[PDB]
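Below is one structure, written out as C-alpha cells; comments come after it.
Chains as they are written, first to last, in the deposited numbering: chain R, 12 to 282, 584 to 754; chain S, 28 to 83, 94 to 165; chain Y, 185 to 209, 220 to 276; chain T, 134 to 154, 161 to 199.
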C-alpha cells in the first residue's frame with residue numbers, strides 16, 4: 012500500500028458580496044446569531060439567504076483612511092485579512108458591541124432594506140438557554156434604542172429546530188443539540204420545553220478542535236511548522252467519527268490489522585522491533601519511520617486516536633469538566649423525571665423516547681445517531697420503540713425553525729415583545745412563551 | 028497588484044459615522060470590553076443578593102441550575118499519552134500510563150513542567 | 185510489608201507472598227516488568243478426579259483421603275458425555 | 134419435558150418491600172443487559188438466595 016499525503020489548506024471564496032435592493036417593508040427578518048455561523052434571511056424564503064462565519068476585522072490601510080473590508084465573507088479573499096479576523100464571540104456571550112453593530116449593519120445592508128426611522132421590520136432572534144440578564148437588557152437596548160425594531164422575540168435554537176421538525180406545536184420529544192461552544196439536552200412536553208429539567212454540557216465543537224490541537228501538540232512537541240487552527244477544524248471535520256462501543260475499540264485501535272484501514276496520515280505544508589513497539593504504532597502508524605525524510609518530519613500522523621475527540625461528549629471527564637455525559641442526562645430525564653421511575657415509563661417518557669431529535673453544527677460527525685440509539689436501548693426497557701431524528705444539514709435547521717414560527721401567525725403573536733411593552737415593563741421582562749426562555753423564579 | 032482588488036471590494040460597504048441604519052437618536056455608549064469570566068460571577072452576586080433579600094424562593098431556571106450534575110458511576114481511567122486503558126499510574130508525576138514501554142520512554146524521562154499539560158487535558162492541573 | 189515480592193490474583197482475591205526482595209536490612223529477586231500479565235495455565239485433570247468432583251456426595255478430599263466409596267455409574271456416563 | 138427460563142444481567146435496582154404483619164413482603168429487582176432492562180418481583184426465598192450470594196447493586 013502506497014502511503015498518501017493530505018494537504019489541509021482551505022480555499023478562498025472569490026465572490027463575497029450578493030444582495031438585492033427589492034424587499035418587502037412589512038416582512039420580518041430572521042437572523043440566527045450563531046457562535047460559528049451567522050445566518051440571515053427573510054421570512055418568505057425557506058432557506059437562509061446569507062451564511063457568514065460571524066467574524067469581522069478592522070483592516071489598517073495606509074493613505075485610504077485605515078478602514079476597509081470590515082464585516083463578513085470579505086475576510087475570505089486573502090489569508091492575511093483572515094488571519095486577524097476576530098470573531099467577537101467568547102464562550103457564552105459575544106464581547107464587543109460596536110462589532111455586533113457592524114455585523115447587524117452589514118447584514119441589513121445585505122437584504123437591501125431601506126431606512127424607515129431605524130428599521131421598519133420586526134426581528135427574529137435566537138437566544139441561548141439560561142441567558143444572563145445583563146445580556147438580555149443590552150440586547151433590548153441594541154434593538155430598541157439602536158435600530159427601532161417594532162417586534163423582537165427570541166428563543167433557544169434547539170427548540171426552534173424541534174418546532175421546525177414538529178410544526179404542530181404541541182408534540183412531546185427530547186432535543187439533544189451540540190453547538191459550536193455548547194451542548195444541551197432539553198425535554199419538550201406538549202411543545203413546551205421544560206427548561207427546569209434541561210441540562211447543559213460546556214463542550215460544543217470549539218473545545219473539540221481545541222482538544223485535538225492540545226492532543227496533537229502534546230503528541231509531537233518538536234513539530235517543525237505551526238499547525239493552523241483553521242486547518243485543525245478542517246482535519247477534525249474529516250477524520251473524526253464516533254465509535255459504536257468505545258470500551259472495546261481502544262483495546263483494538265492500535266493492533267496491527269486495524270491500522271491498515273483506520274489510519275490516515277496528514278501532511279503539513281512546507282516549501584527493538586517497530587512491530588512490537590506500540591509507541592511506534594501510536595506515533596508513526598503501520599509504516600516504518602524514515603527519520604531522514606523531510607516528509608516524515610512534516611507528516612501529521614493522526615487517526616490513531618481519532619475516536620477520542622468525538623467520544624468526549626459522552627464522557628466529559630476526559631475533557632476536564634466534572635459533568636455527567638448526555639447519555640446519563642438522557643437516562644435521568646427519561647427514567648427519573650415526569651412521573652417516570654426506573655422500571656416503568658410514564659406516557660410522556662414513552663412519547664419522548666418515540667421522538668428524539670439531534671441537531672446543531674457538531675451533529676454532522678458520523679456515527680453519532682447509531683451510538684445514541686444503541687446507548688438508548690442499553691438502559692431503556694425492552695420493547696420500547698426508539699426513533700432518533702436527523703437532518704440532512706442540522707446546523708441551519710434552526711433558521712427553518714424561526715421561518716416556521718414566522719409562517720404561523722397566531723403562534724407568532726403570542727411571543728412578540730413590542731417597544732411599548734418594553735417601555736412600560738423596563739428591560740427586565742421575559743415572555744414565558746413555550747418556544748424560548750422562562751423566568752428565573754416563580 | 029492585488030491590493031487594489033482589496034480596496035475595490037472594500038469600496039462598496041462603507042458605513043458613515045451617521046449610519047443609515049440608525050434610529051436618529053442613537054448615541055453609541057463607551058461600555059467597557061467585558062470578558063466572559065466576570066459576567067457569571069456578577070450574575071451569581073445578583074442571585075445571592077436576590078435570595079438574601081427574599082428569604083428574610095427556589096430558582097426556576099438560571100445559568101447554574103441548568104448545569105449538569107457530576108456523574109454517579111465511576112469514570113473510566115485512560116492512558117494520559119496514548120489514550121488507551123490506563124492500568125497504572127506513576128507515583129511521581131501522577132501520569133496514568135498504558136504499559137512498560139510508554140512508562141520507560143515517556144513517563145520516566147518526562148521533564149519537570151511537562152506533567153502539567155497532561156493533567157490539564159484531563160482537568161487535573163494542580164498548579165495554579 | 186515494604187520489600188516483599190508478592191503476586192495478586194484480582195478476580196479471586198488471593199495474595200501469595202513470593203518472598204522478601206534483595207534488601208540487606220526468604221530472598222527472591224525482583225520480578226520482570228509488565229505488571230498485570232496474562233498467564234496461560236495448562237491443567238491435566240484425570241477422569242477419576244472429575245468423577246469424584248461430579249459425585250455430589252463426594253468432595254475432592256476423597257482424592258486425598260481415598261474414601262471415594264463406589265462412585266455410581268451414572269456420574270461416569272455424565273462425565274463421559276461432558 | 135420442561136421449560137428453562139433465565140434472567141441474566143446487571144442489577145440496577147434492589148428494593149425490598151417489607152410490609153410487616161422484620162419480614163420482607165417481596166423484592167423488586169431490575170436486571171439489565173445490552174438489549175435493555177427488565178423488572179422482576181421476587182419472593183423472600185429468592186431474596187434469601189440473593190443475599191446468600193452477596194449480591195449488591197451493579198452485579199451481573
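Every residue gets a Cβ at the ideal spot worked out from N, C-alpha and C, and that includes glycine.
Three-state class that DSSP yields for residue i in the structure shown
i, result
"residue 220 of chain R", "helix"
"residue 639 of chain R", "helix"
"residue 230 of chain R", "helix"
"residue 612 of chain R", "strand"
"residue 184 of chain T", "helix"
"residue 125 of chain R", "coil"
"residue 723 of chain R", "helix"
"residue 688 of chain R", "helix"
"residue 252 of chain R", "coil"
"residue 203 of chain Y", "strand"
"residue 75 of chain R", "coil"
"residue 73 of chain S", "helix"
"residue 174 of chain R", "helix"
"residue 41 of chain R", "strand"
"residue 146 of chain T", "strand"
Chain Y residues whose Cβ lies nearer than 7 Å to that of residue i
i, result
"residue 136 of chain S", "228"
C-beta neighbour in chain Y for residue i, strict 9 Å
i, result
"residue 101 of chain S", "no"
"residue 125 of chain S", "yes"
Of the residues the options, the one placed nearest residue i, counting alpha carbons only
i, options, result
"residue 90 of chain R", "R:152, R:251 and R:25", "R:25"
"residue 147 of chain S", "S:39, S:133 and S:66", "S:133"
"residue 120 of chain R", "R:74, R:236 and R:60", "R:60"
"residue 640 of chain R", "R:651, R:64, R:627 and R:632", "R:627"
"residue 645 of chain R", "R:593, R:184, R:672 and R:722", "R:184"
"residue 724 of chain R", "R:715, R:228 and R:731", "R:715"
"residue 671 of chain R", "R:41, R:42, R:174 and R:606", "R:174"
"residue 637 of chain R", "R:243, R:218, R:655 and R:195", "R:195"
"residue 605 of chain R", "R:744, R:630 and R:278", "R:278"
"residue 178 of chain T", "R:659, R:653, R:229 and R:737", "R:653"
"residue 124 of chain S", "Y:194, Y:188 and Y:268", "Y:194"
"residue 140 of chain R", "R:109, R:208 and R:151", "R:208"
"residue 265 of chain Y", "Y:273, Y:259 and Y:249", "Y:249"
"residue 119 of chain S", "R:684, R:620, R:719 and R:734", "R:620"
"residue 95 of chain R", "R:585, R:669, R:80 and R:29", "R:80"
"residue 160 of chain R", "S:49, S:33 and S:139", "S:49"
"residue 700 of chain R", "R:708, R:692, R:681 and R:51", "R:681"
Per-residue contacts from residue i into chain S (C-beta, under 9 Å)
i, result
"residue 590 of chain R", "119, 121, 135, 136, 138 and 139"
Closer than 9 Å to chain S by CB, residue i
i, result
"residue 630 of chain R", "yes"
"residue 622 of chain R", "no"
"residue 234 of chain R", "no"
"residue 222 of chain R", "yes"
Proximal residues of chain S, C-beta to C-beta of residue i below 8 Å
i, result
"residue 120 of chain R", "40, 42 and 48"
"residue 16 of chain R", "Those within 8 Å of residue 16 of chain R in chain S number zero; the least Cβ separation is about 24 Å."
"residue 102 of chain R", "63"
Any chain R beta carbon closer than 9 Å to residue i
i, result
"residue 70 of chain S", "yes"
"residue 167 of chain T", "yes"
"residue 109 of chain S", "yes"
"residue 197 of chain T", "no"
"residue 141 of chain T", "no"
"residue 93 of chain S", "There are no atomic positions for residue 93 of chain S here, as chain S continues from 83 directly to 94."
"residue 146 of chain T", "yes"
Short CB-CB distance (under 9 Å) between residue i and chain T
i, result
"residue 185 of chain R", "no"
"residue 123 of chain R", "no"
"residue 691 of chain R", "yes"
Listed by chain order, chain T residues near residue i by CB distance under 8 Å
i, result
"residue 52 of chain R", "The premise fails here: residue 52 of chain R is roughly 44 Å from chain T at the closest Cβ pair, so nothing lies under 8 Å."
Contact list for residue i against chain R, beta-carbon separation under 9 Å
i, result
"residue 164 of chain S", "Result: empty, since nearest Cβ-Cβ is about 14 Å, beyond 9 Å."
Residues that residue i contacts on chain S, provided the C-beta gap is smaller than 7 Å
i, result
"residue 109 of chain R", "55"
"residue 225 of chain R", "158"
Closer than 8 Å: residue i CB and nearest the ligand HEM heavy atom
i, result
"residue 697 of chain R", "The ligand HEM is absent from the structure shown, which contains no ligand whatsoever."
Residues that residue i contacts on chain R, provided the C-beta gap is smaller than 7 Å
i, result
"residue 97 of chain S", "207, 750, 751, 752, 753 and 754"
"residue 106 of chain S", "636"
Next on the checklist: Which residues of the region 652-666 of chain R have a Cβ closer than 8 Å to any Cβ of chain T? Give them in chain order.
Outcome noted: 654, 655 and 656
Next on the checklist: Can you pull out the residues from the region 123-153 of chain R whose beta carbon lies closer than 9 Å to at least one beta carbon of chain S?
Outcome noted: 124, 125, 126, 128, 129, 130, 140, 141, 142, 143, 144, 145, 146, 149 and 152
Checklist entry - For the region 65-98 of chain R, which residues have a CB atom closer than 9 Å to at least one CB atom of chain S, in sequence order? => result 70, 72, 75, 78, 79, 80, 81, 82, 83, 85, 88, 89 and 92
Checklist entry - Which residues, in order along the region 672-699 of chain R, keep a beta-carbon less than 9 Å from a beta-carbon of chain T? => result Of all residues in the region 672-699 of chain R, 686, 689, 690, 691, 692, 693, 694, 695 and 696 have a Cβ within less than 9 Å of some Cβ in chain T.
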